[PDB]
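Coordinates as given in query-v9.cif (mmCIF, C-alpha atoms and all ligand atoms):
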data_model
loop_
_atom_site.label_atom_id
_atom_site.label_comp_id
_atom_site.auth_asym_id
_atom_site.auth_seq_id
_atom_site.Cartn_x
_atom_site.Cartn_y
_atom_site.Cartn_z
CA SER A 1 204.52 -195.29 -148.27
CA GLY A 2 201.57 -195.95 -145.93
CA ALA A 3 198.67 -194.42 -144.03
CA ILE A 4 196.48 -194.74 -140.94
CA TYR A 5 192.72 -195.31 -141.55
CA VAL A 6 190.69 -194.29 -138.43
CA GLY A 7 186.99 -193.37 -138.64
CA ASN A 8 186.50 -191.32 -141.85
CA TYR A 9 190.14 -190.06 -141.73
CA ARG A 10 193.29 -190.94 -143.69
CA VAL A 11 196.57 -189.90 -141.95
CA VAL A 12 199.59 -189.69 -144.27
CA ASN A 13 203.04 -188.09 -144.34
CA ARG A 14 202.46 -184.48 -145.53
CA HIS A 15 205.39 -184.89 -148.02
CA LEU A 16 203.62 -187.94 -149.63
CA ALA A 17 200.03 -186.50 -149.70
CA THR A 18 198.24 -186.81 -153.06
CA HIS A 19 196.15 -184.19 -154.91
CA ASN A 20 193.03 -186.16 -153.73
CA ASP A 21 194.36 -185.71 -150.15
CA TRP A 22 194.77 -181.89 -150.55
CA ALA A 23 191.35 -181.68 -152.30
CA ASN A 24 189.68 -183.41 -149.24
CA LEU A 25 191.91 -181.79 -146.56
CA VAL A 26 191.14 -181.68 -142.80
CA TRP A 27 194.52 -180.56 -141.30
CA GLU A 28 198.23 -180.36 -142.33
CA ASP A 29 201.46 -179.39 -140.45
CA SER A 30 204.90 -179.01 -142.16
CA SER A 31 206.23 -178.85 -138.53
CA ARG A 32 205.20 -182.60 -138.19
CA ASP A 33 205.09 -184.07 -141.77
CA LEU A 34 201.34 -184.91 -141.06
CA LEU A 35 198.32 -184.49 -143.32
CA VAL A 36 194.78 -185.80 -142.65
CA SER A 37 192.16 -186.11 -145.42
CA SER A 38 188.49 -187.33 -145.35
CA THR A 39 187.44 -190.83 -146.60
CA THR A 40 184.06 -192.22 -147.84
CA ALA A 41 184.84 -195.64 -146.19
CA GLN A 42 185.26 -196.29 -142.41
CA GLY A 43 188.82 -197.28 -141.37
CA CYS A 44 189.63 -200.20 -139.00
CA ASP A 45 192.70 -198.70 -137.14
CA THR A 46 192.66 -197.66 -133.43
CA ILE A 47 194.85 -194.78 -132.18
CA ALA A 48 196.82 -195.46 -128.96
CA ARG A 49 196.04 -193.06 -126.04
CA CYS A 50 199.08 -193.54 -123.80
CA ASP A 51 202.75 -192.66 -123.03
CA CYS A 52 204.33 -196.01 -124.16
CA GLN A 53 207.99 -195.86 -125.17
CA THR A 54 208.13 -199.51 -126.53
CA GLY A 55 206.43 -200.84 -129.65
CA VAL A 56 206.93 -202.41 -133.07
CA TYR A 57 207.42 -200.60 -136.47
CA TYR A 58 207.10 -201.83 -140.08
CA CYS A 59 210.27 -201.36 -142.21
CA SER A 60 209.31 -201.69 -145.92
CA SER A 61 213.06 -201.63 -146.95
CA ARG A 62 213.50 -204.98 -145.00
CA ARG A 63 209.90 -206.41 -145.33
CA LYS A 64 210.16 -206.75 -141.50
CA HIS A 65 208.49 -205.50 -138.30
CA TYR A 66 211.04 -204.61 -135.60
CA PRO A 67 210.55 -204.17 -131.84
CA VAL A 68 211.93 -200.78 -130.61
CA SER A 69 212.29 -198.45 -127.66
CA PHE A 70 211.53 -194.78 -128.66
CA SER A 71 211.81 -191.28 -127.15
CA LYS A 72 208.71 -189.22 -126.14
CA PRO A 73 207.43 -186.82 -128.87
CA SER A 74 209.88 -183.79 -129.16
CA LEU A 75 211.48 -181.03 -131.42
CA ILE A 76 214.33 -182.63 -133.46
CA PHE A 77 216.88 -181.40 -136.01
CA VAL A 78 216.62 -183.63 -139.12
CA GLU A 79 220.10 -183.36 -140.66
CA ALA A 80 219.93 -182.64 -144.40
CA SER A 81 219.30 -185.88 -146.37
CA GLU A 82 220.15 -186.41 -150.07
CA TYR A 83 216.58 -185.18 -150.98
CA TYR A 84 215.39 -183.14 -147.92
CA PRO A 85 217.07 -180.03 -146.46
CA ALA A 86 217.91 -179.75 -142.79
CA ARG A 87 214.70 -178.86 -140.90
CA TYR A 88 213.23 -179.07 -137.34
CA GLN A 89 210.26 -181.53 -137.27
CA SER A 90 208.08 -181.41 -133.99
CA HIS A 91 206.00 -184.19 -132.12
CA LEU A 92 208.85 -186.49 -133.33
CA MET A 93 209.90 -189.78 -131.58
CA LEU A 94 213.33 -191.41 -132.26
CA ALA A 95 214.47 -195.09 -132.07
CA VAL A 96 217.65 -197.00 -133.02
CA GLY A 97 216.93 -198.98 -136.14
CA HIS A 98 216.88 -199.28 -139.91
CA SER A 99 214.99 -196.87 -142.24
CA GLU A 100 215.17 -195.54 -145.83
CA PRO A 101 212.86 -192.95 -147.48
CA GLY A 102 210.17 -195.34 -148.90
CA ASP A 103 209.61 -196.57 -145.29
CA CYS A 104 207.89 -193.17 -144.47
CA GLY A 105 204.21 -194.20 -143.68
CA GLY A 106 205.14 -197.49 -141.92
CA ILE A 107 203.11 -197.86 -138.65
CA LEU A 108 204.59 -197.81 -135.16
CA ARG A 109 202.21 -199.69 -132.76
CA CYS A 110 202.07 -200.40 -128.99
CA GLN A 111 199.74 -202.53 -126.85
CA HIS A 112 197.11 -199.64 -127.10
CA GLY A 113 197.08 -199.30 -130.94
CA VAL A 114 198.75 -197.05 -133.57
CA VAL A 115 201.33 -194.63 -132.05
CA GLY A 116 202.64 -192.90 -135.23
CA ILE A 117 204.17 -193.23 -138.73
CA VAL A 118 207.79 -193.33 -139.97
CA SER A 119 208.80 -189.76 -140.95
CA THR A 120 212.63 -189.31 -140.64
CA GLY A 121 215.88 -191.27 -140.40
CA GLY A 122 219.66 -191.21 -140.80
CA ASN A 123 222.80 -192.32 -138.90
CA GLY A 124 221.05 -195.57 -137.75
CA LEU A 125 217.98 -193.82 -136.20
CA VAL A 126 214.33 -193.90 -137.33
CA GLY A 127 211.94 -191.01 -136.50
CA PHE A 128 208.16 -191.39 -136.08
CA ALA A 129 205.53 -188.60 -136.30
CA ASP A 130 203.28 -189.11 -133.21
CA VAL A 131 199.46 -189.14 -133.61
CA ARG A 132 198.47 -190.00 -129.97
CA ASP A 133 197.77 -186.29 -129.05
CA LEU A 134 195.26 -185.97 -131.99
CA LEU A 135 192.17 -186.82 -129.83
CA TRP A 136 189.76 -185.59 -132.56
CA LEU A 137 190.80 -188.58 -134.81
CA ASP A 138 188.52 -190.64 -132.42
CA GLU A 139 185.24 -188.65 -132.97
CA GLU A 140 182.97 -186.73 -135.45
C1 LIG A 201 212.56 -192.79 -143.07
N1 LIG A 201 213.26 -191.64 -143.62
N2 LIG A 201 212.55 -190.51 -143.94
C2 LIG A 201 213.41 -189.69 -144.54
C3 LIG A 201 212.98 -188.37 -145.10
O1 LIG A 201 213.81 -187.62 -145.61
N3 LIG A 201 211.68 -188.10 -145.03
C4 LIG A 201 211.14 -186.85 -145.58
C5 LIG A 201 210.26 -186.12 -144.54
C6 LIG A 201 209.77 -184.76 -145.04
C7 LIG A 201 210.82 -183.68 -144.94
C8 LIG A 201 210.64 -182.47 -145.60
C9 LIG A 201 211.51 -181.40 -145.39
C10 LIG A 201 212.57 -181.54 -144.52
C11 LIG A 201 212.78 -182.75 -143.87
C12 LIG A 201 211.92 -183.82 -144.07
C13 LIG A 201 212.16 -185.11 -143.33
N4 LIG A 201 210.99 -185.98 -143.28
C14 LIG A 201 214.70 -190.30 -144.62
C15 LIG A 201 215.93 -189.93 -145.16
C16 LIG A 201 217.00 -190.79 -145.01
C17 LIG A 201 216.86 -192.02 -144.38
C18 LIG A 201 215.63 -192.42 -143.85
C19 LIG A 201 214.57 -191.54 -143.99
ZN ZN A 202 200.66 -197.60 -125.61
#

When written as structure tokens, how does the structure in this file appear?
Amino acid sequence: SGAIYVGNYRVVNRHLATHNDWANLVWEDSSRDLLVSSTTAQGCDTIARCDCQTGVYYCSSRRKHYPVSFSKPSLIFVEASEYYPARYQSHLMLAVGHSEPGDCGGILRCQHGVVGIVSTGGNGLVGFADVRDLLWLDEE
């Protein structure tokens, strides 16, 4: 679990969005596992605007933050998991490291702020849904 709180937006994994999320929807993409809903409260997170490929991600299944190198956002085959069919997620970044399902929503961060959220994993890789191209998270 986990979310990004920027301005009056809440960014979550689309597969973990609540009814309150869907009832207050701004934007959703199955192609990215991202959903953004509206909040009453102002959030304190800053979105990175950059092309960093090093950062740190939170791994709930180890109660640890890990430093990683990651690929630039791309179109990636997510091999079938026990609970999710094979599908192609887009705007996806991969790193070598530990992940399990309940780590989806963990933040990846660089020197510039929040880069993305854990979205995929398997065979010793962890996949992050990028948010750095969503410039509108910064305004309105
Ligand atoms: C961190 N992590 N995440 C997942 C995961 O399945 N997330 C669901 C999410 C939504 C979804 C829906 C349809 C098709 C594919 C997908 C893929 N991404 C996972 C599985 C094994 C190990 C680690 C993992
Ligand atoms: Zn950066």

If you take all atoms listed in the file and a cut-off of 10 Å, which residues of chain A touch ligand LIG 201 (chain A), and what are their nearest atom pairs and distances in Å to one decimal, in chain and number order, as CSV?
residue,atom,partner,partner_atom,distance
A:1,CA,A:LIG201,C1,9.9
A:13,CA,A:LIG201,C5,7.5
A:14,CA,A:LIG201,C6,7.3
A:15,CA,A:LIG201,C6,5.3
A:16,CA,A:LIG201,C6,8.3
A:30,CA,A:LIG201,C8,7.5
A:31,CA,A:LIG201,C9,9.0
A:32,CA,A:LIG201,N4,8.4
A:33,CA,A:LIG201,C6,5.8
A:34,CA,A:LIG201,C6,9.3
A:59,CA,A:LIG201,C1,8.9
A:60,CA,A:LIG201,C1,9.9
A:61,CA,A:LIG201,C1,9.7
A:77,CA,A:LIG201,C11,9.0
A:78,CA,A:LIG201,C11,6.2
A:79,CA,A:LIG201,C11,8.0
A:80,CA,A:LIG201,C11,7.2
A:81,CA,A:LIG201,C15,5.4
A:82,CA,A:LIG201,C15,7.4
A:83,CA,A:LIG201,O1,6.5
A:84,CA,A:LIG201,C10,4.7
A:85,CA,A:LIG201,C10,5.1
A:86,CA,A:LIG201,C10,5.9
A:87,CA,A:LIG201,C10,5.0
A:88,CA,A:LIG201,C11,7.5
A:89,CA,A:LIG201,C11,7.2
A:98,CA,A:LIG201,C18,8.0
A:99,CA,A:LIG201,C18,4.8
A:100,CA,A:LIG201,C18,3.7
A:101,CA,A:LIG201,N1,4.1
A:102,CA,A:LIG201,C1,6.8
A:103,CA,A:LIG201,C1,5.3
A:104,CA,A:LIG201,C1,4.9
A:105,CA,A:LIG201,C1,8.5
A:106,CA,A:LIG201,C1,8.9
A:117,CA,A:LIG201,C1,9.5
A:118,CA,A:LIG201,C1,5.7
A:119,CA,A:LIG201,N2,4.9
A:120,CA,A:LIG201,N2,3.5
A:121,CA,A:LIG201,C18,3.6
A:122,CA,A:LIG201,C17,4.6
A:123,CA,A:LIG201,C17,8.1
A:124,CA,A:LIG201,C17,8.6
A:125,CA,A:LIG201,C18,8.1
A:126,CA,A:LIG201,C1,6.1
A:127,CA,A:LIG201,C1,6.8
A:128,CA,A:LIG201,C1,8.4
A:129,CA,A:LIG201,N4,9.2

Practice item. Give me, please, the distance in Å between atom CA of residue 137 of chain A and atom CA of residue 6 of chain A, quoted to one decimal. Key: 6.8 Å

Review point. Counting all atoms listed in the file, which of A:67, A:55, A:72, A:91 gets nearest to ligand ZN 202 (chain A)?
Key: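 The closest residue to ligand ZN 202 (chain A) is A:55.
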
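The shortest atom-to-atom distance to ligand ZN 202 (chain A), with all atoms listed in the file taken into account, belongs to A:51 out of A:63, A:92, A:51, A:70.
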
Could you give me, as JSON lines, every chain A residue with an atom at most 12 Å from ligand ZN 202 (chain A), plus its closest atom pair and distance in Å to one decimal, counting all atoms listed in the file, rows ordered by chain then number?
{"residue": "A:46", "atom": "CA", "partner": "A:ZN202", "partner_atom": "ZN", "distance": 11.2}
{"residue": "A:47", "atom": "CA", "partner": "A:ZN202", "partner_atom": "ZN", "distance": 9.2}
{"residue": "A:48", "atom": "CA", "partner": "A:ZN202", "partner_atom": "ZN", "distance": 5.5}
{"residue": "A:49", "atom": "CA", "partner": "A:ZN202", "partner_atom": "ZN", "distance": 6.5}
{"residue": "A:50", "atom": "CA", "partner": "A:ZN202", "partner_atom": "ZN", "distance": 4.7}
{"residue": "A:51", "atom": "CA", "partner": "A:ZN202", "partner_atom": "ZN", "distance": 6.0}
{"residue": "A:52", "atom": "CA", "partner": "A:ZN202", "partner_atom": "ZN", "distance": 4.3}
{"residue": "A:53", "atom": "CA", "partner": "A:ZN202", "partner_atom": "ZN", "distance": 7.5}
{"residue": "A:54", "atom": "CA", "partner": "A:ZN202", "partner_atom": "ZN", "distance": 7.8}
{"residue": "A:55", "atom": "CA", "partner": "A:ZN202", "partner_atom": "ZN", "distance": 7.8}
{"residue": "A:56", "atom": "CA", "partner": "A:ZN202", "partner_atom": "ZN", "distance": 10.9}
{"residue": "A:69", "atom": "CA", "partner": "A:ZN202", "partner_atom": "ZN", "distance": 11.8}
{"residue": "A:70", "atom": "CA", "partner": "A:ZN202", "partner_atom": "ZN", "distance": 11.6}
{"residue": "A:72", "atom": "CA", "partner": "A:ZN202", "partner_atom": "ZN", "distance": 11.6}
{"residue": "A:108", "atom": "CA", "partner": "A:ZN202", "partner_atom": "ZN", "distance": 10.3}
{"residue": "A:109", "atom": "CA", "partner": "A:ZN202", "partner_atom": "ZN", "distance": 7.6}
{"residue": "A:110", "atom": "CA", "partner": "A:ZN202", "partner_atom": "ZN", "distance": 4.6}
{"residue": "A:111", "atom": "CA", "partner": "A:ZN202", "partner_atom": "ZN", "distance": 5.2}
{"residue": "A:112", "atom": "CA", "partner": "A:ZN202", "partner_atom": "ZN", "distance": 4.4}
{"residue": "A:113", "atom": "CA", "partner": "A:ZN202", "partner_atom": "ZN", "distance": 6.6}
{"residue": "A:114", "atom": "CA", "partner": "A:ZN202", "partner_atom": "ZN", "distance": 8.2}
{"residue": "A:115", "atom": "CA", "partner": "A:ZN202", "partner_atom": "ZN", "distance": 7.1}
{"residue": "A:116", "atom": "CA", "partner": "A:ZN202", "partner_atom": "ZN", "distance": 10.9}
{"residue": "A:130", "atom": "CA", "partner": "A:ZN202", "partner_atom": "ZN", "distance": 11.7}
{"residue": "A:131", "atom": "CA", "partner": "A:ZN202", "partner_atom": "ZN", "distance": 11.7}
{"residue": "A:132", "atom": "CA", "partner": "A:ZN202", "partner_atom": "ZN", "distance": 9.0}

Practice item. Just give me the gap between atom CA of residue 68 of chain A and atom CA of residue 8 of chain A in Å, one decimal is fine. Key: 29.4 Å

Point to revise | d(atom CA of residue 25 of chain A, atom CA of residue 38 of chain A) in Å | key: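 These two atoms are separated by 6.6 Å.
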
Practice item. Can you pull out every residue within 12 Å of residue 20 of chain A, counting only C-alpha atoms, but drop anything in the same chain fewer than 3 positions away, and send it as an MDAnalysis selection string? Key: chainID A and resid 10 16:17 23:26 35:39

Check your understanding: Of the candidates A:3, A:44, A:12, A:76, which one gets nearest to residue 138 of chain A if we count all atoms listed in the file?
Key ->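 Smallest distance to residue 138 of chain A is found for A:44.
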
Since the input is missing atoms, can you rebuild N, CA and C atoms for segment 26-37 of chain A and write them as a short mmCIF file (atom, residue, chain, number, x, y, z; two decimals), in the frame of the given file?
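Here's the written file part-v6.cif:
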data_model
loop_
_atom_site.label_atom_id
_atom_site.label_comp_id
_atom_site.auth_asym_id
_atom_site.auth_seq_id
_atom_site.Cartn_x
_atom_site.Cartn_y
_atom_site.Cartn_z
N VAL A 26 191.62 -182.05 -144.16
CA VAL A 26 191.14 -181.68 -142.80
C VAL A 26 192.18 -180.81 -142.08
N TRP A 27 193.45 -181.23 -142.09
CA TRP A 27 194.52 -180.56 -141.30
C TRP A 27 195.87 -180.98 -141.87
N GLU A 28 196.86 -180.09 -141.83
CA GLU A 28 198.23 -180.36 -142.33
C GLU A 28 199.21 -179.52 -141.51
N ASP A 29 200.40 -180.06 -141.26
CA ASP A 29 201.46 -179.39 -140.45
C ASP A 29 202.81 -179.80 -141.06
N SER A 30 203.52 -178.84 -141.66
CA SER A 30 204.90 -179.01 -142.16
C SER A 30 205.81 -179.31 -140.96
N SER A 31 205.49 -178.71 -139.82
CA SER A 31 206.23 -178.85 -138.53
C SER A 31 206.21 -180.31 -138.07
N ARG A 32 205.39 -181.19 -138.67
CA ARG A 32 205.20 -182.60 -138.19
C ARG A 32 205.23 -183.63 -139.33
N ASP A 33 205.28 -183.19 -140.59
CA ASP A 33 205.09 -184.07 -141.77
C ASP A 33 203.74 -184.80 -141.59
N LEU A 34 202.64 -184.16 -141.10
CA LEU A 34 201.34 -184.91 -141.06
C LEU A 34 200.32 -184.19 -141.94
N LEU A 35 199.54 -184.99 -142.65
CA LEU A 35 198.32 -184.49 -143.32
C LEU A 35 197.19 -185.50 -143.10
N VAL A 36 196.01 -184.99 -142.82
CA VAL A 36 194.78 -185.80 -142.65
C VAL A 36 193.74 -185.36 -143.68
N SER A 37 193.25 -186.31 -144.44
CA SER A 37 192.16 -186.11 -145.42
C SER A 37 190.93 -186.93 -144.98
#
